[PDB]
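Okay, so here's just one chain, in structure tokens, the form deposited in one PDB entry.
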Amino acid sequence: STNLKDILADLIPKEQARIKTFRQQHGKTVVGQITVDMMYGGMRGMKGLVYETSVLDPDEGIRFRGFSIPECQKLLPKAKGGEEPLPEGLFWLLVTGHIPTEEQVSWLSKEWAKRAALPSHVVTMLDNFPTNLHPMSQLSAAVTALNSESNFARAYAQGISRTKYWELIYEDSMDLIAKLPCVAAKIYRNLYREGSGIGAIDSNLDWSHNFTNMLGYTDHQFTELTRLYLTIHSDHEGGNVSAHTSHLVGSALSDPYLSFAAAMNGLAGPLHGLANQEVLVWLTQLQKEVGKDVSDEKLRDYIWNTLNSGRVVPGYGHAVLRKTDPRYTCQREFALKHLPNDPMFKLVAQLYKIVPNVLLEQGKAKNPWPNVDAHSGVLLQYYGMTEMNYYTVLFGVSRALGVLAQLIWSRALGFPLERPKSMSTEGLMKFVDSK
């Protein structure tokens, strides 16, 4: 009723039968072809894996178990007095496929606050990391080191039924999620607040608020942003590098700690994890050059110049997104409400109205709309989080929610080891001369 573990135990047999029915009906059905190009092209547009938690709706953007961001914004419980969905409630939705009640989100906050304690060796490790070790590497290493607490690692050697794997994955996942804000905040403080203490977890606060307390922030609106930020970056299908990495490492029966730590290594990749930062570096450089009261005309000209130099507008480059990423839009609406006077926000909204058209005029993408990362950096900066090296850590804490929700389900459903076939160029040249 209130215990997520017992609700999930009741959901797992129905989903297992659903899948078994579909495989028994359609197992041998061909869903696509693999070309030589796809093998060289990083499996692009190859249906490679099953991932239950989120799906890209090609018009309406990401869907969390069927719910769009606007629907989640509407339906998910909020803090007392807040407007922004609690990430707890998003996690519940991912795991259960159902919208939580306020009582379920509240139980989940309490459960995460009670598991949040870090082992001493991790605190020590973190306190001893130098300033030149990037925050993401500190997060990954710390998470790896947390695997000393893994319930799941012990039990496989002990011969626990496969049928029970999901239960230990759940425990480990709940423990990791609870601990991630303490790790993330200790890294923040060590790097940027002279190693002062993160203080104490409040057993009665939601996860985002405990997290902002620990970072050393005391600004209701930043906590509101953080709630929204963690909700919306939580999951984006299974194909992206951080989700795929967690799924791949997870399929070897590595515990949630090792899976996530691997996934963060992947998120730290500058083709996955650095866009927030590149957009902000660009905006800062732009505003300083052209001043904060630049005209549309002069802005449009600057953009035309950048494009004709063979250069991209960072944060504008879409997939199949026939509209603006709803992840952008909810950040925009947030900004419109709470920081409409901010100069850099004003530059962001001005580009929004100008750049799509310029991109359509040019021979480029048929989608010229902005991704989530075009708006994220200006909001964080506004609330005093100016340490751009740390931005991807926030993304990472968010993504824990999606990849761990899916990891529980991968084990509950008994997905096997991910083990595709590779070929060399020489092999593939022969393979095609034959047949």
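Only residues modelled in both forms are compared. Basically, rigid core = biggest C-alpha set you can superpose within 1.5 Å across the two forms. All residue numbers are counted from 1 along the displayed sequence.
Keep in mind the form deposited in another entry is missing from the figure; the text below concerns it.
> Shifts of 2 Å or more in the Cα, rigid core superposed between the shown form and the other one, apply to only one of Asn147, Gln221, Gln287, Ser251; name it.
Once the cores are aligned, the residue moving by 2 Å or more is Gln287.
> Does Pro58 count as moved between the shown form and the other one, where moved means a C-alpha shift of 2 angstroms or more after fitting the rigid core?
It does, since the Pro58 C-alpha is displaced 2 Å or more between the shown form and the other one after the core fit.
> 2 Å or more on the CA of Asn305 between the shown form and the other one, with the rigid core superposed, yes or no?
The answer is yes; the displacement is at least 2 Å.
> For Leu108, is the C-alpha shift between the shown form and the other one 2 Å or more after core superposition?
Comparing the forms between the shown form and the other one, which are aligned on their rigid core, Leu108 does not shift its C-alpha by 2 Å or more.
> I need the moving stretches between the shown form and the other one: superpose on the rigid core, then report runs of 3+ consecutive residues where each CA shifts by 2 Å or more, in sequence order.
Once the cores are aligned, runs 57 to 60, 285 to 312, 318 to 323, 353 to 355, 357 to 368 are those whose C-alphas move by at least 2 Å.
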